[PDB]
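Contents: one structure, followed by commentary.
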Amino acid sequence: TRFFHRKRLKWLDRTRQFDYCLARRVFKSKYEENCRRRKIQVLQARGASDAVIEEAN
Amino acid sequence: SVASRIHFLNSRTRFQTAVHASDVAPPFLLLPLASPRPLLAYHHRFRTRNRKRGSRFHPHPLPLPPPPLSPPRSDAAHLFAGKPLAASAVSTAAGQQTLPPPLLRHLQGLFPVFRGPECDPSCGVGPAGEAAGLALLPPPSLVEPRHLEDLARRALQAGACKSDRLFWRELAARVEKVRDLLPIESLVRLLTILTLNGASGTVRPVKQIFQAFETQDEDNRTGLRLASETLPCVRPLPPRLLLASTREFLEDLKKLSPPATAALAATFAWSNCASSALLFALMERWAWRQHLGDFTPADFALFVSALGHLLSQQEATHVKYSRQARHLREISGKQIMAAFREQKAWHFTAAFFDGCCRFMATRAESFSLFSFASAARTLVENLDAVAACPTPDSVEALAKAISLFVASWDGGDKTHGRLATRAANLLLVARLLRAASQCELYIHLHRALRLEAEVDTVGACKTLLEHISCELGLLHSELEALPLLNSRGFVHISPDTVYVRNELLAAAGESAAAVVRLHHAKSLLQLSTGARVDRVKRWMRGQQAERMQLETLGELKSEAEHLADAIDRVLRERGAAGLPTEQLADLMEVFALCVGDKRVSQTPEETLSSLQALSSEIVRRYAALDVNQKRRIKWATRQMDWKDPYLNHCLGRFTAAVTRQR
Amino acid sequence: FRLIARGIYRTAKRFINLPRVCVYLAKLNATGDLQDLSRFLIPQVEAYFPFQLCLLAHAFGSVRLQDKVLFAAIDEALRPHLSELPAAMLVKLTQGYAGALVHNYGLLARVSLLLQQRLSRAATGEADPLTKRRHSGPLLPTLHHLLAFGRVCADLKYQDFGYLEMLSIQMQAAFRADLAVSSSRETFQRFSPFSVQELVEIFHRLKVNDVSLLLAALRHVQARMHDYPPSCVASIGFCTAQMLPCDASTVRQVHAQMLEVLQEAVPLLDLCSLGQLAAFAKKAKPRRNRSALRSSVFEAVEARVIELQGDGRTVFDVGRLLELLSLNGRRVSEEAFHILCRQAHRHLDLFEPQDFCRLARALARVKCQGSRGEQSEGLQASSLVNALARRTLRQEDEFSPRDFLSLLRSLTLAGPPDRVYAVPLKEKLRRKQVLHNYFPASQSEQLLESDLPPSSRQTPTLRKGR
Amino acid sequence: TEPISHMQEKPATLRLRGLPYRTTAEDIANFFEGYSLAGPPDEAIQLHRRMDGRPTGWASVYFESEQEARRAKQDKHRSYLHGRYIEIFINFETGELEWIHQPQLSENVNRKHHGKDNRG
Amino acid sequence: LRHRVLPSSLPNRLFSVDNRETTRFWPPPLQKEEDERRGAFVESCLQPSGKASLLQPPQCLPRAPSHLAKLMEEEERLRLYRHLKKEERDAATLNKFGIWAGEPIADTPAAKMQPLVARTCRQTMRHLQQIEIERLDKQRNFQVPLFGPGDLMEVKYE
RNA sequence: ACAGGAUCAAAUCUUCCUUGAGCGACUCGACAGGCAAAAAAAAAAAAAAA
RNA sequence: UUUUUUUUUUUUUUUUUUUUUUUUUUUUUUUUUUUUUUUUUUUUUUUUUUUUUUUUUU
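Printed below as a string of structure tokens:
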């Protein structure tokens, strides 16, 4: 899957179809959102109040 | 076959006649019988030599989003440009990265590139650009057999959004692979869903009888919508699917409910695919019991229609292959020498037809106009006039049914809605009329022919002519006008209006055919019977005979005159360019019948005018008409004393089967 | 060039813009390589651009290379993009199929309706959404495009009455608008003298009698007579004569004037035009003196044939010409006949089964006249006869039995061929007869070594020499 | 209602082992009587089998909530079933990165001067 | 006057399982099996008499004489077509390359599409001894009497 | 590859020329297989489906 | 080029509207053995090396 993906990436790149900055932004946003949701759910698991949750994050 | 293609290429007279773009249909295909295929199983062994060395979850290739029309930017600075991009463009630019609804919603509040029409924040974007519902479903390939029906039904509820093709293609493939695991009843529903997806929003041919669903108003002056992408010429279902699925039904035919059988026949019909094995098996199962009675009026019609539609073509094809079979056979020289020395419509089971007839008769009142018409027109196909063969009793039953239906018909209850729907209803009424006409002729001919050796139909028939005369007159005035052949810089011609115009003209031609046939039907009545029969045969074959008279109609003379006036009015203001090719001679014949003992109708009929326009069409289409039609016309024209320099040029210098003989 | 070819083949898979090479190859006539490229072309059909696809199809079609595998793929691929391509690209895509003789009525139907809708939109006064910034062509079609497509249809044998209807109307309106011009500066703006020719050709090929249109065309021709080249007129007349009734007072007047110009303008005509001229002259139905017309025509064409002896590029109905020249007991000049015979050899590749018969009958009628000059047995073409015979024997599965019989008869009467070509025909005739139960009332061996060609060396004969 | 498989968030679930060959969905549904499940038996109960259709003895059971899951666990632990007692295990993490905390590896081991054992 | 097209020969040159034109009859021996099986199925399915065969799962096929006769025609046609096509290709191949695919001449595992194994070797070896014994037994003019250890016997040999 | 080209033009079945030697021959283009389990004198023996 | 005379009735028309056979855009389908045991799979490498572009011939 990695090899076929890389070949398709190269084809896309040569075709002027692939956007490096867009892919990087999507990647970073997804990773940061997953990290944020982990902490939010961990805090909610303890039964803290809405004010405590808002002040923590 | 090489010699057969060369003959078609070298042929100077064979062409592809098409009055309208929508008239063309996919070619007919006859599927073979299933058999064990050990070789295919051995070949399958070579396709799985390295599966152990590959992905265990996604071994198959990855779908590719469709490409754009114009080339992308030089530097591919889509994010810096800030312009909105389509779902496929975003997919292809973000590395085919999934954009769940939360991520898409977060990104839309930060950049305008994601603020596109297809970028729904509440649905998300799929890997392959999927959106608007399809993005919320998993790959078809990954769905278990047990969850296929629900997935397809949910998806059905969902140059824009070009990514659905991938999903449907995947689904199609999946179905095929999992054919042998799904319920027999669920298979039919899956096929129907696929056909609905493949033929959503289409228009049926003008000359076609069978139709899946009934046209209704949709929430343009005419209200009709056309699209070359969804042209009827396009096959909904690949033959592969059908071929694969064929075997399944043979094994569990007894487990199919009548509603499922009707849907199966309709799907087959829609696909244009046929199977002898299946056809016969379905034919030999259902029968009348003193069970066809279980079928409802709506399903019965469809089941009949499909069967007939298929069978006709089946027979036709059989006939064609019969003759080609001759050359494949080898002949020895001794046989050659010996030869040298020496030279010195019935496509229905009787039982089935009887049952159908009885069914119709018994529940005439339970049928609707569309269903009734569809059913009737199908069954009338077998009844011919050359003279197993159906019985007088059987035909009488259908006649009675027709009569009953006519008597119980309300005569329009939708308050005259959309023009296309009204035209379709008029055509259905004409079909009904046609059927009615044919039944009487068959009965009469049979009786008259059999007698030599050793039901009040007209009363019900009379109303259809009046209704058609009124509706055609109303719709002619209500429809918009268009240019005539006979008489920015460009003539405005909307393709959407010629469709309804052709529908109206086809209904008129149908009625003209029916009224013509009625004459013969009546005339057959007791000159000797044999002589009478001979006369009718002459008339039908297009031979020298006695002049045709209208008085024989009797009670129907006034209705015939009104119909002639209606067609004259229509043709005087709408030309003759939308008339059917298969019913051209009838329109000529009806005017010859009207020309008799006349007082004032001589001047309106010339002898632009309707006659002239008809002639103009005849001349135009002379390259398409059959020898029967040509002879009929040749005689008809003579009868009326119609002199045309153009028509006479073609009637004696452009055919060999008529001009080169006497 | 083999070097380059081989290299290209070798490095095929590394070509990003693979289609770009196909167009070059087709222009250079590199069929072999073009065929080979198909291997690698097929898999990447879904990757290329819609405009690339059309160019590929046109390149394939230009060379007369049938590739159903490729074509099918292309068609499949271009499904969702056919509603957004420009007129020129659609034209080229259809041409591609046309070239290869791929009877795609499904595609034809689609394109037909698209053109109609586009035209409607145009008529409505709607601007063009689609349109060195001019990279892509306009979306809306034109009369040239329409004609182009019509020709395609004609080629492919697709009788589209609905399309023709529209076409006729538009043409009629264009004619009418052009006849109202006040100055020569604004004449032949939307169309040229060559477009009516195309139209006529289309209509003739399709075997559709459109009087309303034909007459209209004729009228405009009559009007602007002086602006039409002789060649154009020739063709037009030839086409019209075989469709319209020559006895009509309407067309007669036109024909009469056409012929007069043609006779004067004959010297600038080629073989193709001379044939048409001859045909037209024959088919003409003048009211005035008629005997001299034909004579004059013939006497001129005969002369020009001689001057045109050195022509080896043009394609014409040699058979028809020769037949025409030998009607009503007319005797053909020896020089002319030899020239014609000479010229009639390169065309055999294009010769149809009817052409065969035509030629055969013309030669038989030429020889049946009798002796002429030193030739005691009359004019004969043995070299031609033998080639005809051999080609006929090779193409046994393309003649109807009725035609075959006649052909054989003709051949027999016109310088019977060699034994080797005479023998097998007998067998084939019998076979055909048996098969088809063909036994006309009018109707009422084994090859040996010695009969074979000497040059073939098929016999156990030792000859002297080197 | 969409299937659990296609859901974007799996509910509380357990794991069962040591099941006999003669096991079906209905057996587990009856086993788990008087408890609220995530759905009908066909969706809540999912048997484990290899490519050859051979059961591995493993099973997964869904629950409406973690409280119900734990209550069923504690009330059905070591419960006889077809002559064998079933072992119930938790099939969901808490979310904290507890795996980071690892024991202190031994620095002084003498196999030659210690009793034999099969400990890993 | 008409221009002749150039059909593509690439399908006839491409050799792979994906291409059907070059793999419709890939296995010489197994190609016959198909035919045989087809003939048996048609014979035992298309001509019912009352006895039920046990060759394949039951199917809801027609039983009317007219329908069966109709079907038979199709069957025949397909048979003929396949025969003709195979003949054609064989001829073409032979003409071009001269490649010939004849019938087996001997009974070998290769014929049966099986590998060579010691087991098979042993089997064959045993068979050879069997046959040799059988053959040798015939030549003798006397029957070997029953004897055992401790029994006085008198042998006579040349 | 009968792929290209010439000629008053070839038996069925190309008269003659070009392709440097049609890439040494055939074939493939999702082609090819290092390591692990198991087996294992060289060698051979497993279709895919947790 | 009217009157009139002669020839020809799908067999030979003063000539291909001309006689024959389109599967056409689709020749498309998973065999055998097998009461019961075991590894059936776990991982990686590999093809675009161009200046896509001199943007698709109004």
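Heads up: the sequence lines are chains LY, LV, Lb, Lz and Lp, in that order. Numbered by the entry's author numbering, the letters in the first sequence go through residues 516 to 572 in order. Numbered by the entry's author numbering, the letters in the second sequence go through residues 225 to 382, 392 to 452, 459 to 529, 575 to 628, 649 to 691, 739 to 805, 836 to 868, 889 to 927, 950 to 1030, 1050 to 1104 in order. Numbered by the entry's author numbering, the letters in the third sequence go through residues 385 to 515, 565 to 877, 887 to 908 in order. Numbered by the entry's author numbering, the letters in the fourth sequence go through residues 126 to 245 in order. Numbered by the entry's author numbering, the letters in the fifth sequence go through residues 378 to 535 in order. Built from N, CA and C at the ideal position, the CB exists for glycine as well.
Beta bridge counterpart(s) of residue i as assigned by DSSP
i: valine 780/LV; result: For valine 780/LV, which the question treats as bridged, DSSP gives no partner whatsoever.
i: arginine 805/Lb; result: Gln808/Lb
i: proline 384/Lp; result: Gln450/Lb
i: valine 186/Lz; result: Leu139/Lz and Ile170/Lz
i: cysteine 512/LV; result: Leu253/LV
i: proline 180/Lz; result: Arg174/Lz
i: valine 349/LV; result: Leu323/LV
Within-8 Å CB hit, residue i to chain LY
i: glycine 220/Lz; result: yes
i: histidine 267/LV; result: no
Cutoff 8 Å: residue i Cβ touching any chain Lz Cβ
i: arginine 553/LY; result: yes
i: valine 567/LY; result: no
i: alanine 571/LY; result: no
Beta carbon proximity, residue i to chain LV, threshold 8 Å
i: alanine 446/Lp; result: no
i: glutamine 516/Lp; result: no
i: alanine 441/Lp; result: yes
i: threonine 508/Lb; result: yes
Extent of the continuous beta strand (DSSP E) to which residue i belongs
i: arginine 209/Lz; result: 209-215
i: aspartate 593/Lb; result: 591-593
i: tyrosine 205/Lz; result: 204-206
i: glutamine 240/LV; result: 240-242
Min CB distance residue i to chain Lp below 8 Å
i: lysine 604/LV; result: no
i: residue 958/Lb; result: For residue 958/Lb there is no data in the structure shown, the boundaries of chain Lb being 385 and 908.
i: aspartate 451/Lb; result: yes
8 Å Cβ cutoff, residue i in contact with chain Lb
i: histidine 1091/LV; result: yes
Limits of the unbroken alpha helix (DSSP H) element including residue i
i: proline 427/Lb; result: Per DSSP, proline 427/Lb belongs to no alpha helix (DSSP H) and is neither H nor E.
i: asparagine 1090/LV; result: 1087-1095
i: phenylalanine 756/LV; result: 743-759
i: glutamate 996/LV; result: 980-997
* Asked: Is it a yes or a no for the region 210-225 of chain Lz touching the region 552-567 of chain LY, going by three-plus beta-carbon pairs under 8 Å?
  -> yes
* To do: Would you list, in chain order, the members of the region 379-394 of chain Lp that have their beta-carbon closer than 9 Å to a beta-carbon of chain Lb?
  => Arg379, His380, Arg381, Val382, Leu383, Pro384, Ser385, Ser386, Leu387, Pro388 and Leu391
* To do: May I ask you to list, following chain order, the residues of the region 129-145 of chain Lz that have a beta carbon less than 7 Å from some beta carbon of chain LV?
  => Answer set for the region 129-145 of chain Lz: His131.
* Contact between the region 394-412 of chain Lp and the region 259-275 of chain LV (3+ Cβ pairs under 8 Å) -> yes
* To do: Determine, using beta-carbon pairs with one atom in the region 853-867 of chain LV and one in the region 783-797 of chain LV, whether at least three such pairs fall under 8 Å.
  => no
* Evaluate the contact criterion for the region 460-476 of chain LV versus the region 362-381 of chain LV: three or more CB pairs, one atom per stretch, below 8 Å. => no
* **the region 755-771 of chain LV in contact with the region 417-427 of chain LV per 3-pair CB rule at 8 Å** => no
* Asked: Which residues, in chain order, does the region 471-499 of chain LV contribute to contact with chain Lp at a C-beta distance below 9 Å?
  -> Result list: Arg486, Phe488, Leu489, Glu490, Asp491, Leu492 and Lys493.
* Asked: Using a Cβ cut-off of 7 Å, which residues of the region 507-524 of chain LV contact any Cβ in chain Lp, in chain order?
  -> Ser515, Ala516, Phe519, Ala520 and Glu523
* Would you check if there are 3 or more beta carbon pairs closer than 8 Å linking the region 162-172 of chain Lz to the region 183-201 of chain Lz? => yes
* **Interface positions of the region 313-328 of chain LV facing chain LY (Cβ-Cβ less than 9 Å), listed along the chain** => So the list reads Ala313, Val314, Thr316, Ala317, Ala318, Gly319, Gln320, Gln321, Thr322, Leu323, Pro324, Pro326 and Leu327, given in the order they occur along the chain.
* Is the region 618-636 of chain Lb in contact with the region 265-279 of chain LV, if contact means three or more CB pairs nearer than 8 Å? -> no
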